[PDB]
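Given next, in structure tokens, is a single chain: the form deposited in one PDB entry.
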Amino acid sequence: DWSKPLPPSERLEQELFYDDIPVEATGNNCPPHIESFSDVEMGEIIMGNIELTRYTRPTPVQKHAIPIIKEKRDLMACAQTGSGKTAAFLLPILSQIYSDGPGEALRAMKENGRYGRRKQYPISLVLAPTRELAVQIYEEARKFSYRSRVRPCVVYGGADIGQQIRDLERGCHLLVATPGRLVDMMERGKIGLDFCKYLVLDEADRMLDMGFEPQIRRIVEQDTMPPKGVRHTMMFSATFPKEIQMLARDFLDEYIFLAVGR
């Protein structure tokens, strides 16, 4: 069902569509890396969209992070920007979702709430420090969710929350958001973190530099999100100061530390 692609759409494909660096990797029973996307199975939809995006081979961070996430192991990864981090986590996550489906849980619930008052339960949550990074992540998600049942969404401050609220209502299996706006959404009862199995923190060090830790601890520890060990968590940070080390200690479980040249 959720594994079978939908009929193509010329209109969308229009809209939608340095290496060999040594890597450090610490942790228990760390899953082996891939040299090509076909080394592991991610389904027709993913492989189909990888072709459309013209991704020949995985980048370094993609080579080690993808199989680790596929194996449902928590991850802490220090990689520079512009290294393919985004896809490194969206491909395996989206692949997992297509394979498993939404579940009879979120399925037998697609019809709740009232007209103009629907609560959404994202299966996946991605936190970014800025509207720019959030939008990028979001665009990459649309390309990989092309011809799939997954509907990506993105919310952030600095723009009307009204339009954003109306977009969420239409459905949201994967949510990209800046911490501030997401907290707003939750207080307004528009978002529930009860079924969130995938949590990604992109550029965590940048988020703390901006003082987003309170809102993030609020989002992850002071609410309804499944705890570590149950949910699958991934952290991406270019630097690794003590604050980030502590943030990883609290949010990650028996994780793998991945350093791509830094």
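Just count from 1 along the sequence shown to find any residue number.
Same protein, other form: the form deposited with a partner chain bound, not shown, and the subject of what follows.
Of the heavy atoms in residue 104, some are within 4.5 Å of the partner chain in the deposited complex. Contact annotation for residue 194: at least one heavy atom lies within 4.5 Å of the partner chain in the deposited complex.
Contact between residue 230 and the partner chain in the deposited complex is found at the 4.5 Å heavy atom cutoff.
Partner proximity in the deposited complex, defined as non-hydrogen atoms within 4.5 angstroms of the partner chain, places exactly one of 104-112, 75-83, 146-154, 167-175 at the interface: 104-112.
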